Structure formats: structure tokens, C-alpha cells
Amino acid sequence: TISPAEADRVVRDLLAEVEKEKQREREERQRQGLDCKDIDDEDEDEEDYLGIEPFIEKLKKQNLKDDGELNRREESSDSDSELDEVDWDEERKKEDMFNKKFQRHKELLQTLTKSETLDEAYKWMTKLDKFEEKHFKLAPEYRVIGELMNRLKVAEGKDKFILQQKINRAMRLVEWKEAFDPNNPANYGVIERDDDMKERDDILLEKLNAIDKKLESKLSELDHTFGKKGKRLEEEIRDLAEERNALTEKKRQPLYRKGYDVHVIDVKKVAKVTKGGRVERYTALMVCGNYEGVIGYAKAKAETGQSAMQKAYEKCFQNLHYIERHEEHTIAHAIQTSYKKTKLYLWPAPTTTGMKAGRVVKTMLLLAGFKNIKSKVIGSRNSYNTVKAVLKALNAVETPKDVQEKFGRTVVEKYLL
Amino acid sequence: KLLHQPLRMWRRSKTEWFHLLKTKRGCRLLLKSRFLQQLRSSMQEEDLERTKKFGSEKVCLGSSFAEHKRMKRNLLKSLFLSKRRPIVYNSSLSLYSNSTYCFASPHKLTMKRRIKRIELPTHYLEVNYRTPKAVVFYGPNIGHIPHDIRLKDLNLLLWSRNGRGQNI
Amino acid sequence: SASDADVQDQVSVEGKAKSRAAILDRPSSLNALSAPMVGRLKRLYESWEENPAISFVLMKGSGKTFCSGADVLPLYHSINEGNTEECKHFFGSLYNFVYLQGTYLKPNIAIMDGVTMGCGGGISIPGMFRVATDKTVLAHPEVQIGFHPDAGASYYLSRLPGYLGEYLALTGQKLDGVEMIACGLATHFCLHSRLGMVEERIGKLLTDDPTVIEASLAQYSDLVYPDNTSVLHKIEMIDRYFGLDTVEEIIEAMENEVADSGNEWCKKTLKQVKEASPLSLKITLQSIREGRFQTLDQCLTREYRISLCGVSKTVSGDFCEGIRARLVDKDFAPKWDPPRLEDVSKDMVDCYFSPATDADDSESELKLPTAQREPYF
Amino acid sequence: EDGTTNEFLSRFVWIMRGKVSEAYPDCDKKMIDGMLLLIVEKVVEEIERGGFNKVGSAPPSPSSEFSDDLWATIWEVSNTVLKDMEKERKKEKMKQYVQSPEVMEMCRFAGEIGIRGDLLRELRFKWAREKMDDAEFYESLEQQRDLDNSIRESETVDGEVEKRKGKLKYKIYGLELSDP
Ligand SMILES: [Mg+2]
């Protein structure tokens with residue numbers, strides 16, 4: 001960082017350097033004849049280089065009026081970065097996760113230099129290989145991109161065009177793969193508290209296995225035991241069952257997926273009648289998607305609307321479909337399906353058209369990653385049957401890959417023909 | 001940029017900064033100064049760090065995979081041959097660890113907010129600021145309009161397939 | 001155009017989910033290969049290798065014949081008209097296709113559902129997988145026509161165990177599918193009636209992995225063991241007699257055993273040997289024994305030199321005489337240019353193996369894309 | 001180990017038989033057989049002295065039984081045979097390195113990008129070539145470990161003290177059925 005006293009020092013030095021350059025040029029001119037009418041009254045009073053003097057007079061007056069704390073921070077003017085809202089704990093956990101992996105790496109390289117036997121050296125070399133292939137491994141897609149970038153720096157003309165397009169496609173694919181990989185535990189969250197997760201699941205798994213062996217042994221010794229010892233073993237077995245039930249509860253943590261948006265489609269108050277009156281509960285229908293072809297939905301019922309929405313949010317990542325899109329912006333062909341009495345039409349569109357849909361269809365198509373589709377809901381506009389008809393329609397589209405596999409023939413886009 | 005001062009004392013400080021801009025000599029000397037050169041170098045490094053969010057260092061490793069491997073081959077060959085019967089070992093370890101740290105360290109998005117920069121419309125407008133005069137020579141771009149609206153919000157109006165560079 | 005509608009009928013294409021099959025459908029010539037058929041086959045296989053949506057390829061035959069070899073009547077009529085260019089072009093096209101089959105980047109499977117002769121084995125046996133049936137009969141009767149077992153037949157016969165390659169290339173002996181499994185020339189075996197089952201299984205595999213294809217072919221294949229009367233139970237006779245240095249030594253030793261032991265197999269093998277041209281027997285033995293210690297591009301190179309010498313009628317006209325006697329006049333009694341084995345000299349058989357590229361000529365050599373294909377088989 | 005040496009003997013006999021028949025043309029075949037036996041006896045004596053390395057690295061003194069041109073031709077034929085074996089084993093390793101799953105997935109990604117034709121084939125052969133280099137460096141490290149282990153074991157003992165030419169072997173679908 002830079003101290004404010006250092007800033008005052010450098011601005012005073014700059015004003016001084018202006019004065020020194022003015023006097024040095026005045027000296028150089030004045031020694032060689034050369035009257036200084038362009039130095040005096042041309043860099044002092046009648047320069048007016050930016051028209052900044054009224055701004056100086058306005059700022060000078062506003063600096064001698066009020067009192068506060070002179071070193072009090074305030075709200076910034078050119079603030080609102082707005083993408084600076086990411087949870088900082090995950091990011092500051094990434095730092096020391098990488099640091100622990102790097103320290104382990106440095107320890108194995110220092111152990112490789114402390115061996116005495118080449119059998120030991122080979123063993124630590126294989127340990128280093130198994131470490132690097134599991135924690136510092138570069139994905140092969142980045143090797144393809146690096147080779148293509150090597151061809152690109154010396155390419156020109158048509159080859160430069162074609163390589164730029166290919167690397168653009170590759171960069172999109174690797175960014176998507178890194179952001180939405182289900183195997184990376186960094187792509188998961190906790191939801192409100194309803195390799196660390198790996199080891200915290202392994203310890204519970206080993207505890208459950210130990211409790212199951214103990215319970216089997218105690219049931220075995222309960223089968224041949226009669227009397228008060230039988231009752232004491234029964235109480236011991238009940239305590240073991242309680243421990244195992246609590247440990248099984250502790251493994252059920254619902255996870256949300258990062259990079260997904262979840263939206264409410266419908267919150268409804270339903271009712272049931274008893275002799276004491278009406279019993280009123282809430283149902284919530286919600287959809288989720290990652291804007292990259294993955295879409296899901298869930299319906300939940302609870303006592304309040306908030307609780308129903310929360311249960312649906314926990315359930316929404318449990319039924320995810322993958323939807324194929326044409327060129328990441330539209331569907332391959334026109335599709336018409338019906339679910340019960342809800343008829344849905346979808347039409348593909350060129351690339352500057354937009355989305356023409358009602359709110360349920362628009363929300364689902366937006367979350368699946370589409371950009372240019374026209375649609376029409378004909379008949380009943382039940383929102384849940386509309387959701388189901390949208391998922392039925394998007395799974396009945398036959399892509400050119402599908403046609404190519406179904407008919408054993410090559411399918412070509414017509415503009416490449 | 002590196003002078004994140006409180007409001008009132010920066011407002012008192014701006015008078016001294018405004019006096020330096022009163023003359024052409026002051027603007028010339030501000031341009032040719034080690035202050036703005038340090039600011040420029042820090043902003044260059046800051047712009048370099050933001051590229052790692054796109055996995056830039058992984059592309060750098062993918063370009064240079066063979067020689068990065070050859071460093072490890074050299075280290076293993078030396079630590080086999082000159083050990084089967086130490087500044088070389090320390091030098092090779094320092095180099096390999098420096099390379100592994102430079103190629104494997106994840107992107108670090110700091111707390112400090114990014115400074116918002118003025119855009120120049122050089123894709124379709126050619127300007128000579130001396131007179132000033134300008135000539136239109138091309139068409140505008142949908143991704144270069146300098147609005148402060150996020151992409152996910154504005155996609156509800158544009159419906160653009162972003163990432164190809166085209167006006168789509 | 002419209003004139004190529006017959007060639008597209010002669011080489012059909014059947015497409016499956018991730019695989020293509022080439023079908024030979026020339027029933028007049030028993031699926032004999034012509035120059036446009038080889039050109040179409042080469043175009044198809046090049047396009048299918050380039051296509052990343054195709055996992056593996058197939059080669060089948062329609063009818064009771066898989067492939068009866070090359071169509072030599074057109075070459076005979078071309079040689080009769082003076083110019084030798086048509087035979088040349090047919091030969092480098094055929095050897096180029098065989099080289100493509102030997103170096104092919106995707107898995108290739110051949111279904112051998114009938115008689116396979118000559119270059120019919122040459123387009124299929126260099127492949128990765130080979131399926132033999134109970135109708136599969138493999139023979140190499142090139143010496144009895146006045147020609148040599150070309151199209152890579154000096155590559156895979158020379159690599160059989162013992163000296164069985166020499167026996168097959170000199171006698172023209174029939175091999176069955178079980179025996180072809182035993183010799184290692186066929187990878188898998190299934191009955192003819194069970195081929196729709198394997199063909200439906202193979203068609204809708206969506207795998208690139210050769211291990212998955214091998215496991216599927218073995219799982220749907222049939223388990224067979226060679227019979228007691230098989231050729232391979234007489235392999236020690238082959239190594240005893242056909243391992244001699246020259247052809248006349250083999251004939252003399254077999255004649256001596258026929259005089260002493262009266263072996264019926266020896267009499268039948270003599271009746272097999274005596275029906276061949278004396279020149280091509282020696283060229284065949286030399287090329288079989290030379291091809292044991294060299295790669296496929298080299299084998300196809302000197303096979304091209306032998307073919308291009310045999311069609312120019314430089315030292316003999318046994319090619320045209322054998323073709324005429326056994327295909328045109330059909331009296332089946334040819335008269336070779338040397339009637340006897342002893343008339344054939346060392347200088348005559350060295351004219352077939354000479355570096356014709358040293359005669360200030362370029363198209364007398366076989367071109368092969370060894371730099372682009374970067375051979376690995 | 002018998003297969004490699006037997007292939008070397010077969011290639012060497014096949015070349016040197018023609019070389020001897022060209023060299024001494026007037027002599028009969030039995031003299032050629034005897035000289036081939038003497039030549040192969042001297043070559044296997046060289047191999048049993050110091051392996052295949054000294055047959056291709058630096059020429060020793062010639063034996064007085066043969067001439068200097070004969071030993072030079074034998075040396076060049078041995079070099080040619082070992083180079084043919086090196087090329088053949090390299091191609092047989094490329095057979096399984098082209099189809100290796102890392103190269104297969106890199107080629108899958110490259111073809112999914114749009115890289116086809118000759119550029120894809122070139123990149124496939126390249127990636128197989130760096131995999132071959134990595135595995136041969138690994139094998140050289142393994143061989144060096146073995147040799148240093150054996151020599152250190154032998155040095156520490158002093159401190160710790162005080163092809164049938166045509167036999168069938170039937171195998172179908174990876175199931176060896178050679179038993180009687
Ligand atoms: Mg209505």
C-alpha cells in the first residue's frame with residue numbers, strides 16, 4: 001500500500017520539480033540573452049491550461065466549512081462492483097488448501113533428496129507421482145489448448161482465423177467443465193446448516209461399521225441369554241441402536257450446487273377438512289438450472305410457505321436432466337407435446353430473435369440455457385402440468401447426433417454443404 | 001488506485017493535485033513520473049492476476065508441458081546418477097518448486113475493489129483529439145457498450161449467445 | 001454422375017449407430033475385385049477413418065463367397081492390347097488398400113462368410129479382428145495360375161508357425177475356419193446360422209475400445225477345437241520337407257519318401273505341386289522366405305515389383321497363359337514357358353526382385369504414404 | 001530371452017548365407033554351411049562375452065580365421081539386424097501407444113473442438129510419442145535401480161560375510177487349451 005504522507009510528499013515533490021524546471025529553463029534562456037516573457041506571466045498567472053481555477057476556488061471554499069472526523073471512512077462513490085459478492089470463507093479455505101498440498105509436495109521433494117537407497121528413492125518417486133497425479137494434475141484439455149496456442153502465435157490469415165475459432169470453442173468447454181464438475185467438492189454447498197467432507201464421511205462410515213459389528217455380536221450373545229442378563233443386554237442393544245440412529249442422521253446433509261439459480265414457479269395454499277375445521281398447508285413448486293443444459297424441479301409440502309419452499313429447494317437437485325441445445329442458443333427442431341390437457345409448442349429461431357414465452361416456460365427455458373425459442377401453451381395452463389410438459393418436450397427433441405446414430409448416416413448442417 | 005484515502009482528507013488533498021494540473025509543465029511532469037509508473041506496473045500485475053480466473057496459467061502450462069516435464073526428468077536423473085555412489089539438488093528443487101507454484105497456484109480474488117476504467121471506442125470510431133475530429137469506419141459491438149449492468153440481468157433483454165465475439 | 005451407379009451397387013454401405021460396413025456384391029464374378037471397386041473401397045475407408053463419429057468399420061460379402069480375389073480377366077485383356085498401364089494402376093490401388101488395412105487407426109472387422117482366395121485374404125487378414133465361419137475356405141492358388149501370392153500374402157503366410165506358409169503358398173491348400181483360428185489367421189469363430197446375432201450385437205455397440213469389441217465378439221462367438229484330421233496335426237512333415245533350401249530339394253525329398261514310405265499325403269502334395277508353373281514356384285518360395293524378416297511396406301513394395309515384372313512379360317508369359325487356360329479357354333491344361341523346374345535360372349528369378357527404380361523410371365516403384373501414416377504394424 | 005536371440009540368429013543366417021554365396025561363388029553349399037556355422041559360433045561367442053552392445057558400439061580386433069573385409073561385413077550386417085529390431089519394436093510400441101486412453105481422450109477432445117484430418121493425426125502421433133518417451137524414461141530409471149541394487153547387494157555380501165519350429169499351442173478367445 002501507499003501512505004497518505006507519502007502521497008503528500010510526492011505531490012509536493014512534483015510541484016517543486018515544476019518550479020525547479022521552470023527556474024532551470026529560465027536560467028538557460030536568460031544566460032543566453034533571450035528575455036523571459038514566455039516564462040514569467042505565462043506559467044504563473046495566465047497559463048489556465050485546463051480551466052481548473054474555478055474548480056480550485058469551489059473546492060477551497062467547501063474544505064473550510066464543516067467538522068467531522070477527518071480520517072473517517074465513508075461510502076464510496078464509484079462503488080457497486082456487484083460481482084464482489086462471493087462467500088469469503090470458501091476462498092480463504094482454497095488458499096490454505098493449496099498451501100497444505102504445496103507443503104506436502106515440498107516435503108516429498110525434500111524427502112527424495114534425503115534417501116540413501118535407490119529402492120527407497122524409487123518408492124518416494126512413486127509416492128511423488130501418485131501425489132502429483134491426484135493433486136497437481138493438469139487436465140488434458142489444457143494440453144490441447146496449449147498446443148493450439150503454440151500453432152496460433154505463428155499463424156497468419158485463414159489459419160489464424162480458424163485456430164482462433166477453435167481455441168474459443170475449447171476455452172468455453174474447459175471453463176464450463178471446471179465450473180460445473182460434479183466430482184469437485186468445491187462445486188457444492190451446505191444450505192443454511194439445514195477433502196474435508198471426504199474424511200468426515202469416512203469417519204462416520206467407520207463408526208457405523210464398528211457399531212454394526214458390535215450390534216451383531218450383542219444380538220448373537222442375546223440369543224442364548226435368558227433372565228435379567230437378557231434384559232441388561234436388551235438395554236445395551238437399545239443404547240447401541242440409538243447411537244447408530246443418531247450417527248445415521250448426522251450423514252444426511254443436503255447439498256446445493258454452486259452456479260445454479262433456483263426459482264419459485266408456484267406457491268399454493270391447499271386445505272383438508274376435519275371435524276375441527278379446515279387444515280391448511282402450503283405446496284411449493286420450484287425449478288433450477290445452471291444455464292448450461294442442466295434443469296431440475298421439485299414439489300414440496302409443509303405447514304408454511306417458507307418451509308415448503310425450503311423443502312423444495314433441498315429436493316431440487318435430486319432430479320436433474322441434461323438437455324441438448326443447438327449451438328448453445330436454441331432447439332434443433334420444432335416440437336409439440338402434451339402433458340394431460342396442457343399442449344406445448346416450441347419453435348427454434350435464429351440468433352437475434354429472443355425468447356417469446358409465458359413466465360413458466362420462459363423461466364425453464366432460461367435456466368436450461370436457451371436464448372432463441374418461440375413457444376405457445378395451448379389449453380390448460382396448470383403450472384405443474386406446464387413444467388412437466390416442458391420437460392417432456394425438451395426430452396423428445398431428436399438432435400442431428402441422434403439422427404446420425406439412429407439411421408447410420410451422416411447429418412450435415414445445410415450452410416456447410 | 002493505491003491512494004484509498006478517507007473522503008475529507010482526500011478532498012483536502014485534491015487542491016494540491018489540482019494545482020499541479022494548472023500548467024502544461026505540470027501535466028508533462030505528472031505523465032513522466034515514477035509515481036504513475038509504479039501505479040501502471042501495479043495495475044499491470046493486477047490485470048495479469050485476473051486472467052487466472054479464466055485458467056490462464058493452466059494454458060501457460062499446457063503450452064510449456066514438455067520442458068516443464070524435462071525439468072523433472074533432469075532432477076530425477078541427477079538425483080539418481082549423482083546419488084547412487086548438494087547445491088545442484090537445492091537449485092533444481094528451488095527451480096521445480098518455483099515452476100510448480102507458478103503453474104499450480106489458484107486465482108486469488110482480493111478484497112480490494114476493481115477500479116472502473118474509461119473505455120475507448122476504437123473498434124469503430126477513430127479519433128484525433130488535437131482538433132478534435134473523428135471518423136466512423138465500422139459498426140458498434142453489442143458486448144462493448146459501456147453500461148454498468150450485469151450480463152445475467154441484461155440477458156433477459158438481449159438474449160445473446162455471449163462468448164463468440166459476434167453481434168449475436 | 002450416373003455411370004457409377006453400378007460401382008455403388010458393387011460396394012454397398014450399411015450404417016449403424018457408430019459403425020460402417022462395406023459389402024461386396026459382385027455375384028457374377030463371385031465378388032472379385034475390379035479397379036473401381038478398389039477405388040470406391042479406398043475412398044470409403046479414408047472418409048470413415050477421417051470421421052470422428054465412426055467408431056469402427058466392417059467388411060462383409062454377399063452370397064456364398066466372401067471374395068474370390070482380383071478380377072484378372074480385365075487385366076488379361078488389357079495386357080493383350082499392348083499397354084500395361086491398367087494393370088499397373090490396379091496393382092498400386094490394391095496394394096495401397098492393403099496397406100491402409102494394415103495401418104488403420106480404428107478397429108476393423110472382417111466377416112469371412114465363404115470362399116476367400118488371393119487378395120481377398122489380403123484386404124482382411126491385416127485387419128484387427130477377423131471372423132471365420134463354417135463356410136469359410138481359404139486357399140492361395142496363385143502359383144497354379146502363373147502368378148504369386150501378392151497383396152500382403154507374403155507378410156502373413158511368412159509369419160505362420162513353422163514352414164506352413166511355404167506349404168500353403170506352394171500347394172494352394174484349403175484352410176477351414178477352425179484351422180484358420182488355430183493358425184492365428186482368424187481371431188473369432190461363429191456358425192453361419194449365428195451371424196445375425198453377432199452382427200446385431202456388433203452393430204449397436206457405442207464403444208471405441210478394441211477390448212470391448214474383442215470381449216463382445218468372444219462372448220457371442222463359438223468355441224471350436226481343431227479335428228484330428230487337420231492340417232496342423234501334420235506340421236512336423238511341413239517343417240521336415242518344406243523347410244529345405246530350394247524347391248527341387250523339397251520335390252526330390254518328397255518323391256524319395258513317396259518311393260520309400262508311399263505316403264498318401266506325399267502323393268497328394270506332389271499332385272498339388274506338379275500343377276504349378278516352375279517359375280512362380282521359385283519366385284513364391286523366395287518371396288515367402290524374404291518376407292519373414294521385413295515390414296509390411298517393404299513386402300508390398302517387392303510384391304509390386306514382382307507383379308509389375310510378371311505383367312510386362314519380361315521373362316515369361318505364364319500369367320497370360322495361366323489366365324487364358326483356366327479362365328478363357330477352360331481346357332485347364334496350361335503350357336508354361338519353362339516346362340521344367342531345372343530350366344528356371346537364378347538370373348530369371350532375380351529379374352523379379354530387381355530395383356526397377358534404378359532404371360531411371362519412377363512409376364515402376366510402389367508409392368506408399370509412410371510419412372503421413374507413420375506405420376506401426 | 002530365447003526368442004530375441006533366436007530371431008537375431010535367423011535374420012543373421014538369412015543375410016549372411018547370401019553374403020557368403022556372393023563372396024565365394026565357386027564353392028559348393030557345404031562350404032557355405034560350414035562357414036555360416038563358424039560365423040554364427042563367433043557371433044554367439046561375442047554375445048556371450050559382452051552382450052549385444054559390443055556388437056554395435058565399437059569394433060574389436062578381428063579373428064584370424066576370417067578376413068578383415070569378412071569381419072567388417074559381419075559387423076555391418078549385425079548393425080543392420082539390430083536396427084531392424086529397434087524399428088520393429090518401436091512400431092510395436094506405437095501400436096499400443098496410439099490407442100492408449102490418455103491419447104484417446106485427448107483425441108476425443110480435439111475432434112470435439114473441430115480438429116480433423118491431418119492435424120488430428122499429427123497430434124495423435126505426437127502425444128503417443130511423448131507418452132513413449134515418458135515410459136522409456138521410467139523404464140530406464142527402473143533398470144538403473146535394478147543394476148545399482150544388484151551391484152550394491154554384491155558389494156555388501158563381502159561385508160555381510162565375516163521356439164520349436166512348428167509346434168501348435170491352441171488358444172481361442174484368450175483361453176489356452178494346449179493341455180492334452
Ligand atoms: Mg379455457
# chains A, B, ... in the order shown; residues from 1 in each chain; ligands from 1
$ interface_residues --of "chain A" --to "chain C" --cutoff "12 Å" --atoms "only C-alpha atoms" --output "JSON, numbers by chain"
{"A": [400, 401, 402, 403, 404, 405, 406, 407, 408, 409, 410, 411]}
$ residues_near_ligand --ligand "ligand 1" --cutoff "12 Å" --atoms "only C-alpha atoms and all ligand atoms" --output "number ranges by chain"
A: 341-342, 377-382
$ atom_distance --atom1 "atom CA of residue 175 of chain C" --atom2 "atom CA of residue 110 of chain C"
16.7 Å
$ residues_around --residues "residue 225 of chain C" --least-positions-apart "5" --cutoff "12 Å" --atoms "only C-alpha atoms" --output "PDB file with N, CA and C atoms, in the first residue's frame"
ATOM      1  N   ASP C 176      -9.710 -74.383 -43.435  1.00  0.00           N
ATOM      2  CA  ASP C 176     -11.034 -74.149 -42.879  1.00  0.00           C
ATOM      3  C   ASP C 176     -10.973 -73.113 -41.764  1.00  0.00           C
ATOM      4  N   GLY C 177     -12.153 -72.727 -41.275  1.00  0.00           N
ATOM      5  CA  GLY C 177     -12.230 -71.679 -40.270  1.00  0.00           C
ATOM      6  C   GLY C 177     -11.652 -72.085 -38.930  1.00  0.00           C
ATOM      7  N   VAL C 178     -11.886 -73.333 -38.517  1.00  0.00           N
ATOM      8  CA  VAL C 178     -11.307 -73.835 -37.273  1.00  0.00           C
ATOM      9  C   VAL C 178      -9.788 -73.886 -37.384  1.00  0.00           C
ATOM     10  N   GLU C 179      -9.288 -74.375 -38.519  1.00  0.00           N
ATOM     11  CA  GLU C 179      -7.856 -74.384 -38.782  1.00  0.00           C
ATOM     12  C   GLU C 179      -7.298 -72.977 -38.904  1.00  0.00           C
ATOM     13  N   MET C 180      -8.101 -72.036 -39.401  1.00  0.00           N
ATOM     14  CA  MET C 180      -7.663 -70.651 -39.507  1.00  0.00           C
ATOM     15  C   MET C 180      -7.599 -69.982 -38.138  1.00  0.00           C
ATOM     16  N   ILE C 181      -8.465 -70.395 -37.208  1.00  0.00           N
ATOM     17  CA  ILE C 181      -8.328 -69.987 -35.813  1.00  0.00           C
ATOM     18  C   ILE C 181      -7.051 -70.561 -35.223  1.00  0.00           C
ATOM     19  N   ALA C 182      -6.785 -71.844 -35.492  1.00  0.00           N
ATOM     20  CA  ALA C 182      -5.597 -72.496 -34.952  1.00  0.00           C
ATOM     21  C   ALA C 182      -4.308 -71.879 -35.480  1.00  0.00           C
ATOM     22  N   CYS C 183      -4.279 -71.486 -36.751  1.00  0.00           N
ATOM     23  CA  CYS C 183      -3.109 -70.840 -37.335  1.00  0.00           C
ATOM     24  C   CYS C 183      -2.962 -69.383 -36.924  1.00  0.00           C
ATOM     25  N   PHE C 189     -14.588 -67.111 -34.158  1.00  0.00           N
ATOM     26  CA  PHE C 189     -15.301 -68.120 -34.925  1.00  0.00           C
ATOM     27  C   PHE C 189     -16.762 -68.166 -34.507  1.00  0.00           C
ATOM     28  N   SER C 230      -6.829 -82.585 -39.094  1.00  0.00           N
ATOM     29  CA  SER C 230      -6.487 -81.236 -39.509  1.00  0.00           C
ATOM     30  C   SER C 230      -5.086 -81.191 -40.111  1.00  0.00           C
ATOM     31  N   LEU C 232      -2.830 -79.043 -39.216  1.00  0.00           N
ATOM     32  CA  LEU C 232      -1.866 -78.687 -38.182  1.00  0.00           C
ATOM     33  C   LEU C 232      -1.373 -79.885 -37.383  1.00  0.00           C
TER      34      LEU C 232
ATOM     35  N   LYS D 169       0.108 -74.454 -30.335  1.00  0.00           N
ATOM     36  CA  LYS D 169      -0.297 -74.174 -28.960  1.00  0.00           C
ATOM     37  C   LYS D 169      -1.634 -73.445 -29.043  1.00  0.00           C
ATOM     38  N   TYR D 170      -2.724 -74.205 -28.964  1.00  0.00           N
ATOM     39  CA  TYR D 170      -4.042 -73.687 -29.299  1.00  0.00           C
ATOM     40  C   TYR D 170      -4.556 -72.743 -28.227  1.00  0.00           C
ATOM     41  N   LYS D 171      -4.980 -71.562 -28.660  1.00  0.00           N
ATOM     42  CA  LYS D 171      -5.529 -70.540 -27.783  1.00  0.00           C
ATOM     43  C   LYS D 171      -6.663 -69.858 -28.528  1.00  0.00           C
ATOM     44  N   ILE D 172      -7.847 -69.818 -27.925  1.00  0.00           N
ATOM     45  CA  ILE D 172      -9.003 -69.176 -28.538  1.00  0.00           C
ATOM     46  C   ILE D 172      -9.692 -68.304 -27.491  1.00  0.00           C
ATOM     47  N   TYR D 173      -9.964 -67.048 -27.856  1.00  0.00           N
ATOM     48  CA  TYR D 173     -10.645 -66.057 -27.008  1.00  0.00           C
ATOM     49  C   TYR D 173      -9.907 -65.825 -25.692  1.00  0.00           C
ATOM     50  N   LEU D 175      -8.016 -68.100 -24.079  1.00  0.00           N
ATOM     51  CA  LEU D 175      -8.171 -69.288 -23.246  1.00  0.00           C
ATOM     52  C   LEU D 175      -7.228 -70.355 -23.783  1.00  0.00           C
ATOM     53  N   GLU D 176      -6.139 -70.608 -23.059  1.00  0.00           N
ATOM     54  CA  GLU D 176      -5.117 -71.543 -23.515  1.00  0.00           C
ATOM     55  C   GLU D 176      -5.601 -72.973 -23.339  1.00  0.00           C
ATOM     56  N   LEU D 177      -5.704 -73.704 -24.441  1.00  0.00           N
ATOM     57  CA  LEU D 177      -6.196 -75.074 -24.433  1.00  0.00           C
ATOM     58  C   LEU D 177      -5.145 -76.041 -24.964  1.00  0.00           C
ATOM     59  N   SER D 178      -3.897 -75.855 -24.540  1.00  0.00           N
ATOM     60  CA  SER D 178      -2.782 -76.651 -25.032  1.00  0.00           C
ATOM     61  C   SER D 178      -2.580 -77.954 -24.269  1.00  0.00           C
TER      62      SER D 178
END
$ residues_around --residues "residue 19 of chain B" --least-positions-apart "3" --cutoff "12 Å" --atoms "only C-alpha atoms" --output "short mmCIF file (atom, residue, chain, number, x, y, z; two decimals) with N, CA and C atoms, in the first residue's frame"
data_model
loop_
_atom_site.label_atom_id
_atom_site.label_comp_id
_atom_site.auth_asym_id
_atom_site.auth_seq_id
_atom_site.Cartn_x
_atom_site.Cartn_y
_atom_site.Cartn_z
N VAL A 11 3.35 14.66 -4.18
CA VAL A 11 2.75 15.81 -4.87
C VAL A 11 3.52 17.10 -4.58
N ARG A 12 4.08 17.25 -3.36
CA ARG A 12 4.90 18.42 -3.09
C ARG A 12 6.20 18.36 -3.88
N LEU A 14 6.43 16.98 -6.81
CA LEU A 14 6.07 17.29 -8.19
C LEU A 14 5.93 18.79 -8.41
N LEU A 15 5.27 19.49 -7.47
CA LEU A 15 5.18 20.94 -7.58
C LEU A 15 6.56 21.59 -7.51
N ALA A 16 7.42 21.07 -6.63
CA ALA A 16 8.80 21.53 -6.55
C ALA A 16 9.56 21.27 -7.84
N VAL A 18 8.31 21.06 -10.83
CA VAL A 18 7.82 22.07 -11.76
C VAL A 18 8.57 23.38 -11.57
N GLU A 44 2.67 31.28 -14.72
CA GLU A 44 2.32 31.64 -13.35
C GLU A 44 0.88 32.13 -13.23
N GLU A 47 -1.53 30.97 -17.54
CA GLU A 47 -1.49 29.68 -18.22
C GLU A 47 -2.90 29.17 -18.49
N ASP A 48 -3.63 28.87 -17.41
CA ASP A 48 -5.04 28.44 -17.44
C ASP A 48 -5.21 27.22 -18.35
N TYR A 49 -4.43 26.18 -18.06
CA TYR A 49 -4.27 25.10 -19.04
C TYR A 49 -5.50 24.21 -19.13
N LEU A 50 -6.21 24.01 -18.03
CA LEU A 50 -7.39 23.16 -18.03
C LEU A 50 -8.67 23.90 -17.68
N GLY A 51 -8.60 25.18 -17.36
CA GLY A 51 -9.77 25.86 -16.82
C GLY A 51 -10.14 25.36 -15.45
N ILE A 52 -9.15 25.05 -14.62
CA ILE A 52 -9.37 24.38 -13.35
C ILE A 52 -9.41 25.36 -12.18
N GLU A 53 -9.10 26.64 -12.42
CA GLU A 53 -9.11 27.62 -11.34
C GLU A 53 -10.47 27.82 -10.66
N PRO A 54 -11.62 27.93 -11.37
CA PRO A 54 -12.89 27.95 -10.63
C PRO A 54 -13.17 26.69 -9.84
N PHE A 55 -12.71 25.53 -10.32
CA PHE A 55 -12.87 24.30 -9.56
C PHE A 55 -12.00 24.33 -8.30
N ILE A 56 -10.82 24.95 -8.39
CA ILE A 56 -9.97 25.11 -7.21
C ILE A 56 -10.62 26.04 -6.20
N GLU A 57 -11.18 27.16 -6.66
CA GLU A 57 -11.85 28.08 -5.75
C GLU A 57 -13.10 27.47 -5.13
N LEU A 59 -13.52 24.17 -4.60
CA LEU A 59 -13.09 23.14 -3.67
C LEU A 59 -12.47 23.72 -2.41
N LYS A 60 -11.80 24.87 -2.54
CA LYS A 60 -11.17 25.51 -1.40
C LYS A 60 -12.21 25.99 -0.40
N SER B 13 -6.76 16.99 0.06
CA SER B 13 -5.60 16.65 -0.75
C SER B 13 -5.77 17.00 -2.22
N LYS B 14 -7.00 17.07 -2.72
CA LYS B 14 -7.23 17.30 -4.14
C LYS B 14 -6.85 18.71 -4.59
N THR B 15 -6.79 19.67 -3.67
CA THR B 15 -6.37 21.02 -4.04
C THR B 15 -4.92 21.03 -4.52
N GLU B 16 -4.05 20.33 -3.80
CA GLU B 16 -2.65 20.22 -4.20
C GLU B 16 -2.50 19.45 -5.51
N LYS B 22 -2.54 22.88 -13.25
CA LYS B 22 -2.78 24.23 -13.74
C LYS B 22 -1.92 24.57 -14.95
N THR B 23 -0.77 23.92 -15.09
CA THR B 23 0.18 24.24 -16.15
C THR B 23 0.42 23.03 -17.03
N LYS B 24 0.85 23.31 -18.26
CA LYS B 24 1.24 22.25 -19.19
C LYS B 24 2.48 21.52 -18.70
N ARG B 25 3.40 22.24 -18.04
CA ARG B 25 4.59 21.62 -17.48
C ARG B 25 4.23 20.64 -16.37
N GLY B 26 3.23 20.98 -15.55
CA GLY B 26 2.79 20.07 -14.51
C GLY B 26 2.19 18.79 -15.05
N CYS B 27 1.40 18.90 -16.12
CA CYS B 27 0.83 17.71 -16.74
C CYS B 27 1.91 16.85 -17.39
N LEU B 30 3.74 15.16 -14.46
CA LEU B 30 2.94 14.08 -13.90
C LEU B 30 2.96 12.86 -14.80
#
$ interface_residues --of "chain A" --to "chain D" --cutoff "9 Å" --atoms "only C-alpha atoms" --output "ChimeraX atom specification"
/A:117-119,121-122,140-141,143-144,147,166-167,169-170,173
$ write_last_selection --atoms "C-alpha atoms" --output "mmCIF file, in the first residue's frame"
data_model
loop_
_atom_site.group_PDB
_atom_site.id
_atom_site.type_symbol
_atom_site.label_atom_id
_atom_site.label_comp_id
_atom_site.auth_asym_id
_atom_site.auth_seq_id
_atom_site.Cartn_x
_atom_site.Cartn_y
_atom_site.Cartn_z
ATOM 1 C CA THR A 117 18.916 -46.410 -1.201
ATOM 2 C CA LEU A 118 17.649 -46.310 -4.779
ATOM 3 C CA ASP A 119 14.883 -48.706 -3.756
ATOM 4 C CA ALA A 121 14.351 -43.359 -3.940
ATOM 5 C CA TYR A 122 12.091 -45.280 -6.335
ATOM 6 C CA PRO A 140 -5.603 -32.953 -20.916
ATOM 7 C CA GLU A 141 -7.868 -30.290 -22.417
ATOM 8 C CA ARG A 143 -2.646 -29.532 -23.114
ATOM 9 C CA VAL A 144 -4.744 -29.466 -26.296
ATOM 10 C CA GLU A 147 -0.635 -26.948 -28.385
ATOM 11 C CA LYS A 166 -11.215 -23.460 -32.378
ATOM 12 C CA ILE A 167 -9.488 -22.132 -29.265
ATOM 13 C CA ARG A 169 -14.680 -23.190 -28.507
ATOM 14 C CA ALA A 170 -12.109 -25.049 -26.385
ATOM 15 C CA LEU A 173 -15.666 -26.024 -22.885
#
$ select_by_dssp --residues "chain B" --states "helix (DSSP H, G or I)" --output "NGL selection string"
:B and (7-20 or 24-31 or 34-54 or 56-63 or 65-84 or 87-104 or 142-144 or 151-158)
